[PDB]
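Take a look at the structure set out below.
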Amino acid sequence: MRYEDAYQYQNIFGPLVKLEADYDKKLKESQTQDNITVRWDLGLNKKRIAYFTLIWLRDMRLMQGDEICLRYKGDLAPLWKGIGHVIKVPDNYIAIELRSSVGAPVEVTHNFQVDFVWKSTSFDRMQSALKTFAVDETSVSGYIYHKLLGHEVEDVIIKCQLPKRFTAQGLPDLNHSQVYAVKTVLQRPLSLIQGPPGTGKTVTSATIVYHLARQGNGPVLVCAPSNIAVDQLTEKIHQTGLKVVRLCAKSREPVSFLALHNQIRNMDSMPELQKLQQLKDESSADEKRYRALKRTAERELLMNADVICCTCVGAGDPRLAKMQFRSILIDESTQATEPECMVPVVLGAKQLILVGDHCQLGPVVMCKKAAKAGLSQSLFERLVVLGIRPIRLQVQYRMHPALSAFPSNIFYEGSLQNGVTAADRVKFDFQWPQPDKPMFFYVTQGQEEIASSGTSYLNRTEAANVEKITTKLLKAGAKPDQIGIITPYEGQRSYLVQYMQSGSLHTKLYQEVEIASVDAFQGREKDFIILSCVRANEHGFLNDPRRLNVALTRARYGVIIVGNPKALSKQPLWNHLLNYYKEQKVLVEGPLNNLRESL
C-alpha cells in the first residue's frame with residue numbers, strides 16, 4: 001500500500017501497533033506456569049542466578065533483557081517473591097534469570113511459579129518512531145522518504161564510492177554475487193539485499209559496513225530484530241579492525257567485551273570513574289557521580305565509534321537519541337513488523353540497506369486482526385511489492401548440493417549456485433538409498449492421535465520410526481548436538497522427548513537431539529534434520545511454503561522427511577516435493593535396516 005502523507009503512514013500503523021501491544025499485554029499477564037521446578041547457582045557477581053526448565057502459546061518471544069517474577073508457593077519454606085531479569089533464553093527447551101537481591105531461598109527447588117512481567121517499552125519505542133516519522137521532515141533523507149511512502153521518485157545513485165578491493169580486512173573474499181551486492185548497495189541510498197540460506201548474510205553485510213564506515217565521518221548503525229543476529233554482525237564487523245560498540249539495554253549482569261557497559265567499566269580516559277567502578281565492589285552521594293560519569297563516558301564511546309550495533313527495539317534507547325546516522329544496515333529485516341524496523345530508520349537515515357529473505361520465515365503478530373490489516377507485511381516485503389528488486393546472493397555454502405535442488409527450483413526460481421562440492425558435504429556408517437543424494441522420505445503409516453489435551457496432534461508410529469532414524473544417525477553417526485528433529489505440532493514434540501528417554505542409547509545421549517518447530521530453527525543450521533509430519537489424515541506448516549522452505553534448507557549433510565503422503569499430497573507444495581523424491585527415486589518405504597524403493 002502507498003501512502004500520501006507521513007501522517008497517513010502514522011494514522012495507519014498507529015492503531016496497528018496498539019492492537020498487538022494490547023494483545024501482547026494480555027498473553028503475558030494471563031499466561032503463567034502453575035507449577036515449575038528451578039535450580040539455583042551462585043552467580044558470577046555473587047548475584048543469585050536461577051535455572052528453571054519449563055495455553056500452548058509459550059514462545060521464544062522473550063528476549064535477553066526481559067524480566068520475570070518468580071513467586072515461590074512451596075510447602076517446605078515460607079512464601080517468597082523476587083524479580084529477576086533474563087540472561088540466556090535457549091533454543092534447546094532451561095531458561096536463566098538472575099534476581100536483583102541476594103536474599104532468596106535456595107533450599108526449596110520445586111513448587112515454583114513463574115509469571116512474565118510485561119513492559120510497554122518495546123511498543124512505546126515503536127510508536128515514538130511513527131510519530132517522529134510524521135512530525136519530523138529531517139528524520140529521513142528526502143529521497144528514501146518518497147520510496148518509503150510509495151511515491152514516484154526517480155532512481156538516483158552515488159558515484160565514486162566503490163573501493164579498490166571489495167574484500168574487507170580480516171574477512172574472507174566475496175563470491176561473484178556478493179561483490180555485486182556490495183557494488184550495487186554502496187552506489188545507491190536505499191537498497192534491499194535478499195539473502196537465502198547459505199548466502200553469506202554476515203560476511204556480505206560486514207563487508208558493506210566496513211566501507212560505509214571508512215568512506216564516512218560518523219558512526220554507522222547496524223540493527224537486527226533478533227538479539228542474536230546483532231551479536232553475529234558485531235563479531236564479523238569486529239574482525240575488520242573498526243571500533244564497534246554493542247548497545248545492550250537493561251542487560252545489567254558472546255560479544256560481552258564489545259558491549260558498551262563493559263567498555264565504560266574500565267576506561268583509561270575516566271580515572272575517577274575507574275577508581276569509582278572499582279570502589280563499587282563493597283555510597284548514595286557517589287552513586288550520582290557514577291551514574292553521571294557513566295552518561296559522559298558513554299557519549300565519548302558512541303560519537304567516536306566507527307560502528308554501533310544494537311537491536312531494532314534497541315537503538316531507540318534515550319542515549320542514542322540526539323544522534324544522527326547516515327548509513328543504516330538492518331540484517332534479517334524480514335522478521336520485524338514495519339514500525340519495529342523503522343525505529344532506527346527515523347534517526348536520519350541517508351543510506352539504507354535492508355537484508356532478509358521475503359521467501360523465508362516472517363514476523364510474528366499475535367493479534368490476528370492486525371496481521372490481516374497489514375502488520376504482517378515487513379518493511380522488506382512492502383518495498384518489494386512497490387518494485388525494488390532485491391540484490392540476491394546466489395551461493396549456498398551450507399547444505400549438500402543435492403539437498404538444495406528442490407528449495408532452489410520451487411522457491412528461488414532455480415537461480416541458485418552450489419558453492420560447495422558434493423564431496424565437502426556427505427562426509428560414515430549410514431547406508432542411504434542413493435548415496436549420491438543424502439535425502440529420502442521414509443513413508444510412515446501411523447495412527448494420528450489428537451493427544452495434546454485438545455490442542456495438537458500426535459502420531460506414535462512416526463515417533464518410533466523417527467526414533468530408529470535418530471538412533472542410526474547415532475550408531476557411529478554425528479554428535480547429538482548436530483542432529484535436529486523438527487515437527488510442526490507440539491503434541492508430537494512432547495511425545496518424542498519422552499519417548500526417546502525406549503531407544504538403544506542412554507537417556508542423556510538423546511537429550512542433545514533438539515526437537516522443536518520450524519520457528520526455533522530459523523537462521524540456525526545443523527548437520528542433520530529429521531522432519532516429522534505427524535499428521536496422517538487429509539484434514540501446522542504443512543500448508544505454508546515459507547515455514548516449509550526453512551525446514552529443508554537448515555540441514556548441512558542430510559535431510560529425512562517422515563510422513564503420510566495420502567494426506568500431504570493434498571497441498572501442491574508437497575505434491576511437487578513428493579513427486580520430486582519419486583523423480584529422484586528416494587521416496588522410500590519399508591524397513592530401516594533394508595530400505596526399499598517403494599511408492
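Simple scheme: letters A, B, ... for chains in C-alpha cells order, numbers from 1 for residues in each chain, numbers from 1 for ligands in the order shown.
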
Sel. of helix (DSSP H, G or I) residues, range 284-424 of chain A, as JSON, numbers by chain:
{"A": [284, 285, 286, 287, 288, 289, 290, 291, 292, 293, 294, 295, 296, 297, 298, 299, 300, 301, 302, 333, 334, 335, 338, 339, 340, 341, 342, 343, 344, 345, 368, 369, 370, 371, 372, 373, 374, 375, 379, 380, 381, 382, 383, 384, 385, 386, 405, 406, 407, 408, 409, 410, 411]}

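Residues in contact with range 507-518 of chain A at 6 Å, where only C-alpha atoms are counted and same-chain residues fewer than 6 positions away are skipped, are listed as residues 92, 480, 481, 483, 484, 485, 486, 487, 488 and 501 of chain A.
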
If we count only C-alpha atoms, what is near residue 28 in chain A at a cut-off of 12 Å, once residues fewer than 6 positions away on the same chain are taken out, given as a list in words?
residues 21, 22, 55, 57, 58, 59, 61, 62, 66, 67, 68, 69, 114, 115, 116, 117, 118, 119, 120 and 366 of chain A

Fewer than 6 positions away in the same chain doesn't count, so skip those; otherwise give me all residues within 8 Å of residue 20 in chain A, counting only C-alpha atoms, as a ChimeraX atom specification.
/A:365-367,370

Would you pick out the contacts of residue 570 in chain A at 10 Å or less, using only C-alpha atoms, so that residues sharing its chain but fewer than 5 positions from it are not included, and give the list as JSON, numbers by chain?
{"A": [538, 539, 542, 543, 565, 575]}

Deliver the residues from the most recent selection as a file, using C-alpha atoms, as a CSV table (one decimal), in the first residue's frame.
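Written output follows (again34.csv):
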```csv
chain,number,residue,atom,x,y,z
A,538,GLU,CA,-6.2,-35.2,5.0
A,539,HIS,CA,-7.7,-32.5,7.3
A,542,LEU,CA,2.3,-28.5,6.1
A,543,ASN,CA,0.5,-25.8,4.1
A,565,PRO,CA,1.7,-38.9,1.6
A,575,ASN,CA,3.0,-32.7,-4.3
```

Using only C-alpha atoms, determine which residues lie at most 12 Å from residue 563 in chain A, disregarding the query and same-chain residues fewer than 5 positions distant; provide the list as a PyMOL selection string.
chain A and resi 440-448+458-463+465-466+487-488+530-538+542+568-569+574+578+587-589

Go ahead and compute the interatomic distance for CA of residue 52 in chain A and CA of residue 39 in chain A, in Å to one decimal.
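So the answer is 6.0 Å.
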
Produce a table with one row for each residue of range 296-347 of chain A that has an atom at most 7 Å from any atom of range 209-218 of chain A, each row naming the nearest atom pair and its distance in Å at one decimal; use only C-alpha atoms; arrange rows by chain and rising residue number; format as a tab-separated table.
```
residue	atom	partner	partner_atom	distance
A:306	CA	A:213	CA	5.9
A:307	CA	A:213	CA	7.0
A:327	CA	A:212	CA	6.7
```

Those same residues - N, CA and C atoms - I'd like them written as an mmCIF file, in the first residue's frame.
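Done, and the output landed in result.cif:
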```cif
data_model
loop_
_atom_site.group_PDB
_atom_site.id
_atom_site.type_symbol
_atom_site.label_atom_id
_atom_site.label_comp_id
_atom_site.auth_asym_id
_atom_site.auth_seq_id
_atom_site.Cartn_x
_atom_site.Cartn_y
_atom_site.Cartn_z
ATOM 1 N N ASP A 306 33.269 3.751 15.257
ATOM 2 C CA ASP A 306 33.148 3.582 13.814
ATOM 3 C C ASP A 306 31.922 2.768 13.416
ATOM 4 N N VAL A 307 31.275 2.098 14.371
ATOM 5 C CA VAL A 307 30.070 1.314 14.117
ATOM 6 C C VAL A 307 29.392 1.040 15.450
ATOM 7 N N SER A 327 24.438 6.110 7.414
ATOM 8 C CA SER A 327 24.305 4.759 6.885
ATOM 9 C C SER A 327 23.636 3.862 7.918
#
```

What lies within 10 Å of residue 584 in chain A using only C-alpha atoms, ignoring chain neighbours under 2 positions off, as a tab-separated table (two decimals) with N, CA and C atoms, in the first residue's frame?
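Saved as part.tsv:
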```
chain	number	residue	atom	x	y	z
A	434	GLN	N	20.21	-43.77	-2.21
A	434	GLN	CA	21.17	-43.33	-3.21
A	434	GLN	C	22.21	-42.44	-2.53
A	437	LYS	N	22.71	-38.78	-3.24
A	437	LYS	CA	21.74	-37.81	-2.73
A	437	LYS	C	21.36	-38.17	-1.31
A	439	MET	N	19.24	-37.85	0.94
A	439	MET	CA	17.89	-37.39	1.20
A	439	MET	C	16.91	-38.48	0.79
A	440	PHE	N	15.87	-38.66	1.60
A	440	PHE	CA	14.79	-39.58	1.27
A	440	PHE	C	13.57	-39.23	2.11
A	578	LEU	N	6.94	-34.47	-2.96
A	578	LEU	CA	6.86	-35.92	-3.01
A	578	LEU	C	7.23	-36.45	-4.40
A	579	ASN	N	6.60	-35.90	-5.44
A	579	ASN	CA	6.90	-36.33	-6.80
A	579	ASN	C	8.37	-36.12	-7.17
A	580	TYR	N	9.04	-35.17	-6.52
A	580	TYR	CA	10.47	-35.00	-6.76
A	580	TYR	C	11.27	-36.13	-6.11
A	581	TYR	N	10.93	-36.48	-4.87
A	581	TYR	CA	11.59	-37.61	-4.22
A	581	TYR	C	11.33	-38.91	-4.98
A	582	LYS	N	10.18	-39.00	-5.65
A	582	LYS	CA	9.94	-40.13	-6.55
A	582	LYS	C	10.71	-39.96	-7.85
A	586	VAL	N	13.82	-41.49	-4.29
A	586	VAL	CA	14.18	-41.54	-2.88
A	586	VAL	C	12.93	-41.52	-2.00
A	587	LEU	N	11.75	-41.72	-2.59
A	587	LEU	CA	10.52	-41.91	-1.82
A	587	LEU	C	10.54	-43.34	-1.28
```

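For the pair CA of residue 222 in chain A and CA of residue 333 in chain A, the interatomic distance is 11.3 Å.
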
Among range 174-272 of chain A, which residues carry a DSSP assignment of strand (DSSP E), reported as a list in words?
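Secondary structure check on range 174-272 of chain A, strand (DSSP E): residues 190, 191, 192, 193, 194, 221, 222, 223, 224, 244, 245 and 246 of chain A.
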
Output the selection as an mmCIF file, in the first residue's frame - C-alpha atoms for each residue.
```
data_model
loop_
_atom_site.group_PDB
_atom_site.id
_atom_site.type_symbol
_atom_site.label_atom_id
_atom_site.label_comp_id
_atom_site.auth_asym_id
_atom_site.auth_seq_id
_atom_site.Cartn_x
_atom_site.Cartn_y
_atom_site.Cartn_z
ATOM 1 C CA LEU A 190 18.021 2.651 -0.454
ATOM 2 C CA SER A 191 18.952 -0.938 -1.323
ATOM 3 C CA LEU A 192 17.428 -4.316 -0.483
ATOM 4 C CA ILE A 193 19.547 -7.463 -0.147
ATOM 5 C CA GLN A 194 17.890 -10.851 -0.273
ATOM 6 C CA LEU A 221 24.052 1.911 12.701
ATOM 7 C CA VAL A 222 23.700 -1.879 12.463
ATOM 8 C CA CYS A 223 20.429 -3.378 13.676
ATOM 9 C CA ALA A 224 18.616 -6.718 13.774
ATOM 10 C CA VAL A 244 32.380 -1.470 17.348
ATOM 11 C CA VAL A 245 30.129 -0.826 20.364
ATOM 12 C CA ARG A 246 27.273 -3.156 21.284
#
```

Measuring between only C-alpha atoms, which one of A:400, A:299, A:596, A:48 shows the shortest distance to residue 83 in chain A?
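That would be A:48, the residue with the smallest distance to residue 83 in chain A.
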
Among the residues A:473, A:373, A:393, A:87, the one that comes closest to residue 431 in chain A [using only C-alpha atoms]
A:473

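With CA of residue 239 in chain A on one side and CA of residue 346 in chain A on the other, the separation reads 28.4 Å.
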
From the set A:14, A:90, A:477, A:491, which residue has the shortest atom-to-atom contact distance to residue 338 in chain A, counting only C-alpha atoms?
A:14

Given only C-alpha atoms as the counted atoms, nearest of A:376, A:266, A:311, A:199 to residue 553 in chain A
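Closest residue, counting only C-alpha atoms: A:199.
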